[PDB]
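Dumped entry06.txt below, it's compact mmCIF, N, CA and C atoms:
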# COMPACT_ATOMS: atom_id res chain seq x y z
N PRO W 393 7.66 -108.71 -43.50
CA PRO W 393 6.30 -108.15 -43.61
C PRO W 393 5.91 -107.26 -42.45
N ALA W 394 6.53 -107.42 -41.28
CA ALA W 394 6.20 -106.58 -40.14
C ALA W 394 6.56 -105.12 -40.36
N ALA W 395 7.37 -104.83 -41.37
CA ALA W 395 7.79 -103.46 -41.67
C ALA W 395 7.19 -102.90 -42.95
N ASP W 396 7.03 -103.72 -43.98
CA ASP W 396 6.58 -103.23 -45.29
C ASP W 396 5.55 -104.17 -45.90
N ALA W 397 4.58 -104.60 -45.10
CA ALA W 397 3.44 -105.30 -45.67
C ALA W 397 2.65 -104.36 -46.57
N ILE W 398 1.98 -104.93 -47.57
CA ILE W 398 1.27 -104.09 -48.53
C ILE W 398 0.13 -103.34 -47.86
N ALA W 399 -0.52 -103.95 -46.87
CA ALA W 399 -1.58 -103.26 -46.14
C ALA W 399 -1.04 -102.03 -45.42
N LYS W 400 0.11 -102.17 -44.77
CA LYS W 400 0.76 -101.03 -44.15
C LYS W 400 1.14 -99.98 -45.19
N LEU W 401 1.81 -100.42 -46.26
CA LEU W 401 2.27 -99.52 -47.31
C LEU W 401 1.13 -98.72 -47.92
N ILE W 402 -0.06 -99.29 -47.98
CA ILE W 402 -1.20 -98.53 -48.48
C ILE W 402 -1.77 -97.63 -47.39
N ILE W 403 -2.28 -98.23 -46.31
CA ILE W 403 -3.09 -97.49 -45.36
C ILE W 403 -2.25 -96.49 -44.58
N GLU W 404 -1.18 -96.96 -43.93
CA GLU W 404 -0.42 -96.07 -43.06
C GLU W 404 0.25 -94.96 -43.86
N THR W 405 0.80 -95.29 -45.03
CA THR W 405 1.48 -94.28 -45.83
C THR W 405 0.50 -93.27 -46.39
N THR W 406 -0.68 -93.70 -46.84
CA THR W 406 -1.64 -92.72 -47.35
C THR W 406 -2.18 -91.85 -46.22
N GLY W 407 -2.33 -92.40 -45.02
CA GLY W 407 -2.73 -91.57 -43.89
C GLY W 407 -1.68 -90.55 -43.52
N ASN W 408 -0.41 -90.97 -43.48
CA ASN W 408 0.67 -90.04 -43.17
C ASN W 408 0.79 -88.96 -44.24
N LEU W 409 0.65 -89.34 -45.51
CA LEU W 409 0.69 -88.35 -46.59
C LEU W 409 -0.46 -87.37 -46.48
N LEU W 410 -1.66 -87.86 -46.15
CA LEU W 410 -2.79 -86.95 -46.00
C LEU W 410 -2.60 -86.01 -44.82
N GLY W 411 -2.04 -86.51 -43.71
CA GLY W 411 -1.75 -85.64 -42.59
C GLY W 411 -0.73 -84.57 -42.93
N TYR W 412 0.33 -84.95 -43.64
CA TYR W 412 1.33 -83.99 -44.10
C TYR W 412 0.70 -82.96 -45.03
N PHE W 413 -0.15 -83.41 -45.94
CA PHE W 413 -0.83 -82.52 -46.88
C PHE W 413 -1.74 -81.53 -46.16
N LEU W 414 -2.51 -82.01 -45.18
CA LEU W 414 -3.41 -81.13 -44.45
C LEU W 414 -2.64 -80.16 -43.57
N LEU W 415 -1.47 -80.57 -43.06
CA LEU W 415 -0.62 -79.63 -42.34
C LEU W 415 0.05 -78.64 -43.28
N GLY W 416 0.16 -78.97 -44.56
CA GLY W 416 0.72 -78.07 -45.54
C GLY W 416 2.15 -78.36 -45.94
N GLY W 417 2.60 -79.61 -45.83
CA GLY W 417 3.98 -79.91 -46.17
C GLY W 417 4.30 -79.71 -47.63
N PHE W 418 3.35 -80.04 -48.51
CA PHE W 418 3.58 -79.87 -49.94
C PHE W 418 3.42 -78.43 -50.39
N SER W 419 2.78 -77.58 -49.59
CA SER W 419 2.76 -76.16 -49.89
C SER W 419 4.11 -75.52 -49.59
N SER W 420 4.73 -75.91 -48.48
CA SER W 420 6.06 -75.43 -48.11
C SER W 420 6.73 -76.49 -47.24
N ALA W 421 8.03 -76.68 -47.45
CA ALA W 421 8.80 -77.77 -46.84
C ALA W 421 9.00 -77.62 -45.33
N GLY W 422 8.39 -76.64 -44.65
CA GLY W 422 8.65 -76.46 -43.23
C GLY W 422 8.16 -77.60 -42.36
N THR W 423 7.04 -78.22 -42.73
CA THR W 423 6.44 -79.25 -41.91
C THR W 423 7.34 -80.48 -41.81
N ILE W 424 7.35 -81.10 -40.63
CA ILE W 424 8.11 -82.31 -40.37
C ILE W 424 7.20 -83.50 -40.63
N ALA W 425 7.62 -84.40 -41.52
CA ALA W 425 6.80 -85.53 -41.91
C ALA W 425 6.98 -86.69 -40.93
N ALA W 426 6.06 -87.65 -41.01
CA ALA W 426 6.07 -88.84 -40.15
C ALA W 426 5.89 -90.08 -41.03
N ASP W 427 7.01 -90.60 -41.54
CA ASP W 427 7.04 -91.84 -42.31
C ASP W 427 6.13 -91.77 -43.54
N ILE W 428 6.47 -90.87 -44.45
CA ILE W 428 5.80 -90.77 -45.74
C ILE W 428 6.61 -91.41 -46.85
N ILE W 429 7.69 -92.12 -46.51
CA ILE W 429 8.59 -92.73 -47.48
C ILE W 429 8.65 -94.24 -47.33
N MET W 430 7.72 -94.82 -46.58
CA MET W 430 7.73 -96.27 -46.36
C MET W 430 7.73 -97.08 -47.65
N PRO W 431 6.96 -96.75 -48.69
CA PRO W 431 7.02 -97.56 -49.92
C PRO W 431 8.37 -97.52 -50.62
N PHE W 432 9.21 -96.54 -50.31
CA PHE W 432 10.54 -96.47 -50.92
C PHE W 432 11.53 -97.45 -50.31
N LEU W 433 11.23 -98.02 -49.15
CA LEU W 433 12.16 -98.86 -48.41
C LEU W 433 11.61 -100.27 -48.22
N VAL W 434 11.04 -100.84 -49.27
CA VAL W 434 10.47 -102.18 -49.19
C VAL W 434 11.60 -103.20 -49.33
N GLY W 435 11.72 -104.08 -48.34
CA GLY W 435 12.76 -105.09 -48.35
C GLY W 435 14.10 -104.64 -47.83
N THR W 436 14.16 -103.51 -47.13
CA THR W 436 15.43 -102.98 -46.64
C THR W 436 15.52 -102.88 -45.13
N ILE W 437 14.40 -102.78 -44.42
CA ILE W 437 14.39 -102.59 -42.97
C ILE W 437 14.25 -103.96 -42.31
N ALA W 438 15.32 -104.40 -41.64
CA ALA W 438 15.32 -105.65 -40.87
C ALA W 438 14.85 -106.83 -41.72
N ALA W 439 15.30 -106.86 -42.97
CA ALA W 439 14.84 -107.84 -43.94
C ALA W 439 15.65 -109.13 -43.91
N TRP W 440 16.67 -109.22 -43.06
CA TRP W 440 17.57 -110.36 -43.07
C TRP W 440 17.90 -110.79 -41.64
N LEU W 441 18.37 -112.02 -41.53
CA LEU W 441 18.92 -112.57 -40.29
C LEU W 441 20.19 -113.30 -40.65
N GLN W 442 21.31 -112.85 -40.09
CA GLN W 442 22.61 -113.47 -40.30
C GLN W 442 23.10 -114.03 -38.98
N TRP W 443 23.48 -115.30 -38.99
CA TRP W 443 24.05 -115.93 -37.80
C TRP W 443 25.35 -116.62 -38.17
N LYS W 444 26.39 -116.35 -37.40
CA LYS W 444 27.68 -117.02 -37.55
C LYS W 444 27.79 -118.11 -36.50
N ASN W 445 27.99 -119.34 -36.95
CA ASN W 445 28.08 -120.49 -36.05
C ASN W 445 29.46 -120.51 -35.41
N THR W 446 29.53 -120.06 -34.16
CA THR W 446 30.82 -119.97 -33.47
C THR W 446 31.44 -121.35 -33.26
N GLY W 447 30.63 -122.34 -32.90
CA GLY W 447 31.15 -123.68 -32.74
C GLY W 447 31.68 -124.25 -34.04
N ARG W 448 30.97 -124.01 -35.14
CA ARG W 448 31.44 -124.47 -36.44
C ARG W 448 32.74 -123.79 -36.83
N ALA W 449 32.84 -122.48 -36.58
CA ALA W 449 34.08 -121.77 -36.88
C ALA W 449 35.24 -122.30 -36.06
N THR W 450 35.01 -122.56 -34.77
CA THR W 450 36.05 -123.11 -33.91
C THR W 450 36.48 -124.48 -34.39
N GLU W 451 35.53 -125.31 -34.81
CA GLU W 451 35.87 -126.64 -35.29
C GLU W 451 36.60 -126.60 -36.63
N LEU W 452 36.29 -125.61 -37.47
CA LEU W 452 36.83 -125.58 -38.83
C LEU W 452 38.21 -124.93 -38.89
N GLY W 453 38.37 -123.74 -38.33
CA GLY W 453 39.67 -123.11 -38.25
C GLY W 453 39.80 -121.88 -39.12
N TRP W 454 41.06 -121.57 -39.46
CA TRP W 454 41.38 -120.33 -40.17
C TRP W 454 40.85 -120.33 -41.60
N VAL W 455 41.02 -121.44 -42.30
CA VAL W 455 40.54 -121.56 -43.68
C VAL W 455 39.19 -122.26 -43.65
N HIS W 456 38.16 -121.58 -44.15
CA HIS W 456 36.81 -122.11 -44.11
C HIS W 456 35.96 -121.38 -45.14
N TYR W 457 34.85 -122.02 -45.52
CA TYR W 457 33.84 -121.34 -46.31
C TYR W 457 33.05 -120.39 -45.43
N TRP W 458 32.69 -119.23 -45.97
CA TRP W 458 32.20 -118.15 -45.13
C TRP W 458 30.72 -118.30 -44.80
N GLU W 459 29.85 -118.22 -45.80
CA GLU W 459 28.44 -118.02 -45.55
C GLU W 459 27.61 -118.71 -46.62
N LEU W 460 26.33 -118.87 -46.32
CA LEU W 460 25.39 -119.49 -47.24
C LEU W 460 24.02 -118.86 -47.03
N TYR W 461 23.33 -118.57 -48.13
CA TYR W 461 21.96 -118.09 -48.06
C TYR W 461 21.02 -119.29 -48.11
N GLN W 462 20.07 -119.33 -47.18
CA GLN W 462 19.14 -120.45 -47.08
C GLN W 462 17.71 -119.94 -47.18
N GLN W 463 16.95 -120.53 -48.10
CA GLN W 463 15.53 -120.24 -48.26
C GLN W 463 14.73 -121.36 -47.61
N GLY W 464 13.82 -120.99 -46.72
CA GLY W 464 13.06 -121.98 -45.99
C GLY W 464 11.98 -122.63 -46.84
N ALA W 465 11.40 -123.70 -46.28
CA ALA W 465 10.30 -124.37 -46.95
C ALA W 465 9.11 -123.43 -47.13
N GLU W 466 8.81 -122.63 -46.12
CA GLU W 466 7.84 -121.55 -46.22
C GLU W 466 8.62 -120.25 -46.38
N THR W 467 8.31 -119.50 -47.44
CA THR W 467 9.16 -118.38 -47.82
C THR W 467 9.02 -117.20 -46.86
N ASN W 468 7.88 -117.07 -46.18
CA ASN W 468 7.58 -115.90 -45.36
C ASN W 468 7.23 -116.30 -43.94
N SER W 469 8.06 -117.15 -43.33
CA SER W 469 7.85 -117.59 -41.96
C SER W 469 9.01 -117.31 -41.02
N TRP W 470 10.15 -116.86 -41.55
CA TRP W 470 11.30 -116.58 -40.70
C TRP W 470 10.99 -115.45 -39.71
N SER W 471 10.20 -114.47 -40.15
CA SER W 471 9.80 -113.41 -39.23
C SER W 471 8.92 -113.94 -38.12
N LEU W 472 8.16 -115.01 -38.38
CA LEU W 472 7.36 -115.62 -37.34
C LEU W 472 8.22 -116.42 -36.37
N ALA W 473 9.21 -117.15 -36.89
CA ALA W 473 10.12 -117.94 -36.06
C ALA W 473 11.55 -117.70 -36.54
N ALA W 474 12.18 -116.66 -36.00
CA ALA W 474 13.57 -116.36 -36.34
C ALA W 474 14.50 -117.50 -35.96
N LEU W 475 14.36 -118.02 -34.74
CA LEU W 475 15.25 -119.08 -34.27
C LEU W 475 15.09 -120.35 -35.09
N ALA W 476 13.84 -120.73 -35.38
CA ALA W 476 13.60 -121.93 -36.17
C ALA W 476 14.16 -121.79 -37.57
N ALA W 477 14.03 -120.60 -38.17
CA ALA W 477 14.59 -120.38 -39.50
C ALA W 477 16.10 -120.52 -39.50
N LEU W 478 16.77 -119.95 -38.49
CA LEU W 478 18.22 -120.05 -38.42
C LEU W 478 18.68 -121.49 -38.21
N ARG W 479 17.98 -122.23 -37.35
CA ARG W 479 18.36 -123.63 -37.13
C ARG W 479 18.11 -124.47 -38.38
N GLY W 480 17.00 -124.24 -39.07
CA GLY W 480 16.76 -124.93 -40.33
C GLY W 480 17.79 -124.59 -41.38
N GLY W 481 18.26 -123.34 -41.39
CA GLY W 481 19.33 -122.97 -42.30
C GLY W 481 20.64 -123.66 -41.97
N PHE W 482 20.96 -123.75 -40.68
CA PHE W 482 22.18 -124.43 -40.26
C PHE W 482 22.07 -125.95 -40.35
N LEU W 483 20.89 -126.48 -40.63
CA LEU W 483 20.76 -127.91 -40.87
C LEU W 483 21.51 -128.37 -42.12
N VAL W 484 21.91 -127.46 -43.00
CA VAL W 484 22.36 -127.84 -44.33
C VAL W 484 23.83 -128.24 -44.37
N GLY W 485 24.72 -127.30 -44.09
CA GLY W 485 26.14 -127.53 -44.29
C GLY W 485 26.91 -127.99 -43.07
N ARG W 486 26.59 -129.16 -42.55
CA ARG W 486 27.16 -129.65 -41.30
C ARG W 486 28.06 -130.85 -41.55
N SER W 487 28.77 -131.26 -40.50
CA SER W 487 29.58 -132.46 -40.56
C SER W 487 28.69 -133.67 -40.80
N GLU W 488 29.12 -134.53 -41.72
CA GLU W 488 28.29 -135.65 -42.16
C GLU W 488 29.10 -136.94 -42.13
N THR W 489 28.54 -137.97 -41.50
CA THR W 489 29.12 -139.30 -41.48
C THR W 489 28.06 -140.30 -41.90
N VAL W 490 28.40 -141.17 -42.84
CA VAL W 490 27.48 -142.22 -43.27
C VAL W 490 28.25 -143.52 -43.42
N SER S 1658 54.77 -167.85 -79.26
CA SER S 1658 54.34 -168.10 -77.89
C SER S 1658 53.33 -167.06 -77.44
N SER S 1659 53.79 -165.82 -77.28
CA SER S 1659 52.90 -164.75 -76.85
C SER S 1659 51.81 -164.47 -77.88
N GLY S 1660 52.18 -164.43 -79.16
CA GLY S 1660 51.20 -164.19 -80.20
C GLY S 1660 50.29 -165.37 -80.45
N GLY S 1661 49.03 -165.24 -80.06
CA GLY S 1661 48.06 -166.29 -80.22
C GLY S 1661 47.56 -166.95 -78.94
N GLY S 1662 47.71 -166.30 -77.79
CA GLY S 1662 47.26 -166.85 -76.53
C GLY S 1662 46.75 -165.78 -75.59
N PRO S 1663 47.05 -165.92 -74.30
CA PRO S 1663 46.67 -164.86 -73.35
C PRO S 1663 47.34 -163.52 -73.65
N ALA S 1664 48.55 -163.53 -74.21
CA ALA S 1664 49.23 -162.28 -74.51
C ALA S 1664 48.53 -161.51 -75.63
N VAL S 1665 47.81 -162.20 -76.51
CA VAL S 1665 46.98 -161.51 -77.49
C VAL S 1665 45.56 -161.32 -76.97
N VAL S 1666 45.13 -162.10 -75.98
CA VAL S 1666 43.88 -161.81 -75.28
C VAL S 1666 43.98 -160.45 -74.60
N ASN S 1667 45.16 -160.14 -74.06
CA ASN S 1667 45.39 -158.82 -73.47
C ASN S 1667 45.22 -157.72 -74.52
N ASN S 1668 45.67 -157.98 -75.75
CA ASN S 1668 45.44 -157.03 -76.84
C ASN S 1668 43.96 -156.92 -77.18
N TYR S 1669 43.26 -158.06 -77.19
CA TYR S 1669 41.81 -158.06 -77.38
C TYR S 1669 41.15 -157.11 -76.40
N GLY S 1670 41.48 -157.24 -75.12
CA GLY S 1670 40.98 -156.35 -74.10
C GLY S 1670 39.65 -156.78 -73.53
N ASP S 1671 39.60 -156.94 -72.21
CA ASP S 1671 38.41 -157.27 -71.42
C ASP S 1671 37.50 -158.30 -72.06
N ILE S 1672 38.07 -159.30 -72.74
CA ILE S 1672 37.28 -160.41 -73.26
C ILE S 1672 37.13 -161.49 -72.20
N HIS S 1673 38.24 -161.85 -71.57
CA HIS S 1673 38.29 -162.69 -70.39
C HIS S 1673 38.13 -161.77 -69.17
N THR S 1674 38.59 -162.22 -68.00
CA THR S 1674 38.21 -161.67 -66.71
C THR S 1674 38.07 -160.15 -66.73
N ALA S 1675 36.84 -159.69 -66.50
CA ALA S 1675 36.50 -158.28 -66.38
C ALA S 1675 35.07 -158.18 -65.89
N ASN S 1676 34.84 -157.45 -64.81
CA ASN S 1676 33.53 -157.38 -64.18
C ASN S 1676 32.85 -156.06 -64.49
N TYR S 1677 31.52 -156.05 -64.35
CA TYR S 1677 30.75 -154.86 -64.67
C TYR S 1677 30.63 -153.93 -63.47
N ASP S 1678 30.75 -154.47 -62.26
CA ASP S 1678 30.44 -153.69 -61.06
C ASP S 1678 31.42 -152.53 -60.89
N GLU S 1679 32.72 -152.81 -60.95
CA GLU S 1679 33.68 -151.73 -60.74
C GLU S 1679 33.71 -150.78 -61.93
N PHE S 1680 33.42 -151.28 -63.13
CA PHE S 1680 33.35 -150.39 -64.29
C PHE S 1680 32.21 -149.39 -64.13
N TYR S 1681 31.03 -149.88 -63.72
CA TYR S 1681 29.91 -148.98 -63.49
C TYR S 1681 30.21 -148.02 -62.34
N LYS S 1682 30.84 -148.52 -61.28
CA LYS S 1682 31.18 -147.65 -60.16
C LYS S 1682 32.18 -146.58 -60.56
N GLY S 1683 33.15 -146.93 -61.41
CA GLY S 1683 34.11 -145.94 -61.88
C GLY S 1683 33.48 -144.90 -62.78
N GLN S 1684 32.57 -145.33 -63.66
CA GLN S 1684 31.84 -144.37 -64.47
C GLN S 1684 31.02 -143.42 -63.60
N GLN S 1685 30.36 -143.97 -62.58
CA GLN S 1685 29.60 -143.14 -61.66
C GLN S 1685 30.50 -142.18 -60.89
N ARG S 1686 31.69 -142.65 -60.50
CA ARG S 1686 32.64 -141.78 -59.80
C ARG S 1686 33.12 -140.64 -60.70
N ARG S 1687 33.39 -140.94 -61.97
CA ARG S 1687 33.80 -139.89 -62.89
C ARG S 1687 32.69 -138.87 -63.11
N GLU S 1688 31.45 -139.34 -63.28
CA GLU S 1688 30.33 -138.41 -63.42
C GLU S 1688 30.12 -137.59 -62.15
N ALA S 1689 30.29 -138.22 -60.99
CA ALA S 1689 30.16 -137.50 -59.73
C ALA S 1689 31.24 -136.45 -59.58
N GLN S 1690 32.47 -136.76 -60.01
CA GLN S 1690 33.53 -135.76 -59.99
C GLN S 1690 33.18 -134.60 -60.91
N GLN S 1691 32.62 -134.90 -62.08
CA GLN S 1691 32.27 -133.84 -63.02
C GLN S 1691 31.15 -132.94 -62.48
N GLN S 1692 30.13 -133.53 -61.87
CA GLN S 1692 28.90 -132.80 -61.59
C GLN S 1692 28.73 -132.36 -60.14
N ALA S 1693 29.47 -132.95 -59.20
CA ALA S 1693 29.27 -132.63 -57.79
C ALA S 1693 29.58 -131.18 -57.45
N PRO S 1694 30.71 -130.59 -57.87
CA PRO S 1694 30.97 -129.19 -57.49
C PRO S 1694 29.94 -128.21 -58.00
N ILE S 1695 29.32 -128.47 -59.15
CA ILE S 1695 28.36 -127.53 -59.72
C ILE S 1695 26.94 -127.77 -59.23
N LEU S 1696 26.69 -128.85 -58.49
CA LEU S 1696 25.38 -129.06 -57.91
C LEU S 1696 25.15 -128.10 -56.75
N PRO S 1697 23.98 -127.47 -56.66
CA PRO S 1697 23.72 -126.51 -55.59
C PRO S 1697 23.68 -127.17 -54.22
N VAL S 1698 23.94 -126.34 -53.21
CA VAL S 1698 23.95 -126.81 -51.83
C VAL S 1698 22.54 -126.97 -51.26
N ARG S 1699 21.54 -126.35 -51.88
CA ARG S 1699 20.17 -126.42 -51.38
C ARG S 1699 19.67 -127.86 -51.31

File written out as structure tokens:
Amino acid sequence: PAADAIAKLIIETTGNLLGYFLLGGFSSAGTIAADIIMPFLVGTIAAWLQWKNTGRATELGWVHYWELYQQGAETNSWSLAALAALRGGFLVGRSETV
Amino acid sequence: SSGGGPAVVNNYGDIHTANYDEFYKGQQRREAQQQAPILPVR
């Protein structure tokens, strides 16, 4: 959301488009725009966090399962706590003894 | 000799000594083998 929140996508993009329009970008392509394509890139800019567990890889070896996608209890909180989201994701597929 | 005693009880099958606990555990193990790989990791 820090990159493509709907409030940003509306306000900032319409302001940039209006500035481009008043400068005359749509009359002729000479003008240089300033982020008038933000709604086209929703969910693409810094939308993920990938962490490889080096200790787990060292413990497992050459043959291992690669990766897992983990959805948190709160769907839109990883951007607030990147480290907590990664640790909660790594809580899942660990060595287990009972 | 064999026909008409324990040797035909064996043909009868699980009429004499046979417990429910390991039978239920084996059924659960077979179902777990069937369903565990397809259960999601979440």

Give me, as a count of residues only, the contact residues of chain S against chain W at a cut-off of 12 Å, counting only C-alpha atoms. 3

Among chain W, which residues carry a DSSP assignment of helix (DSSP H, G or I), reported as a PyMOL selection string? chain W and resi 398-415+430-433+446-452+474-482

Report, in Å to a single decimal, how far apart atom CA of residue W:452 and atom CA of residue W:487 are.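 Separating atom CA of residue W:487 from atom CA of residue W:452 is a distance of 10.1 Å.
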
Please measure the separation of atom CA of residue W:447 and atom CA of residue S:1693, giving the value in Å to one decimal.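 Computed distance, atom CA of residue W:447 to atom CA of residue S:1693, equals 26.7 Å.
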
Atom CA of residue W:471 to atom C of residue W:428 measures 23.5 Å

Quick one: residues within 12 Å of residue W:469, only C-alpha atoms, excluding same-chain residues fewer than 4 positions away - as an MDAnalysis selection string? chainID W and resid 393:394 463:465 473:478 480

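With all atoms listed in the file as the atoms that count, the minimum distance from residue W:429 to the choices W:479, W:468, W:457, W:409 is reached by W:409.
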